[PDB]
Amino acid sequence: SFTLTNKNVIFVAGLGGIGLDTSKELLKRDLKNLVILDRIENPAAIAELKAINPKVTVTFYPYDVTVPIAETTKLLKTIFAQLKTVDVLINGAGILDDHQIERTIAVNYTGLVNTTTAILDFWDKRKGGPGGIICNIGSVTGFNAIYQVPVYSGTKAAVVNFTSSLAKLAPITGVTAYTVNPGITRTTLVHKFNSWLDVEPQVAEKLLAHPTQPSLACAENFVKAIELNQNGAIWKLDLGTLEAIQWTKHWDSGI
């Protein structure tokens, strides 16, 4: 059975609203190492995380997912030299700002793809690596968009589809994967944000008038999903529950 006990986890975007709560939730278990990679530099959050569980070593490295893949490789080299093995990679970076088209795509899709691609060099069983687990943070918008943020939603559709494909490639690579797709979660991401071409200037207000869940509840279900360790899962973390999507079979390549 899978357990987080004595595991080495890399958490990209571990200091954000959902990230920090998920990091705190993870530290209730006796991981060996929790390595947080983020562009947020918050020494006080790191101090808090180090204080939760004395049995876990918490390390922070500054990281911007939009750098070229060679730079990600350089940092992974440093982290694998420090840890030797990495069991789980959580790719959680995301921005919500449809005024930033290039950056939305670079952070939410390209960066996630590149960190995954870069860690496959250390883990791919075809290269003699040990395999690994990838947990990608998608979004319910990858199933059905928030149409007022069309660019963002399309990036999340890409993450869901890409992750489902990674899971189908597990037999070849040895790396399993799944998405955790939160519903609307109360963080700074959704407190105030820009709709594409300002189609809906009151998008944040309108969205937050409907049901949401706190980041603590999302984090609880995020770690429960990790512990279930189900390759190919399309987990939905909405309104405080943990559910899973049955993706519609519209077409099949035959291969």
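Residue numbers here begin at 1 and follow the sequence given.
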Original post:
Which is higher on average in the deposited entry, the C-alpha temperature factors of 123 to 131 or of 142 to 150?
Top reply: 123 to 131
Original post:
So which stretch wins on mean C-alpha B-factor, 38 to 46 or 193 to 201?
Top reply: 38 to 46
**OP:** Quick one: which of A81, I137, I101, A158 shows the highest Cα temperature factor in the PDB entry?
**Re:** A81
**OP:** By the entry's C-alpha temperature factors, tell me which of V113, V86, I90, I105 sits highest.
**Re:** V86
**OP:** Please place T3 in the lowest, middle or highest third of its chain by C-alpha B factor as given in the entry.
**Re:** highest
**OP:** Compare the C-alpha B factor of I95 with those of the other modelled residues in its chain, then answer lowest, middle or highest third.
**Re:** lowest
Original post:
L75: which third of its chain by C-alpha temperature factor?
Top reply: highest
**OP:** Report the third (lowest, middle or highest) to which the CA temperature factor of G174 belongs, ranking only the modelled residues of the same chain.
**Re:** middle
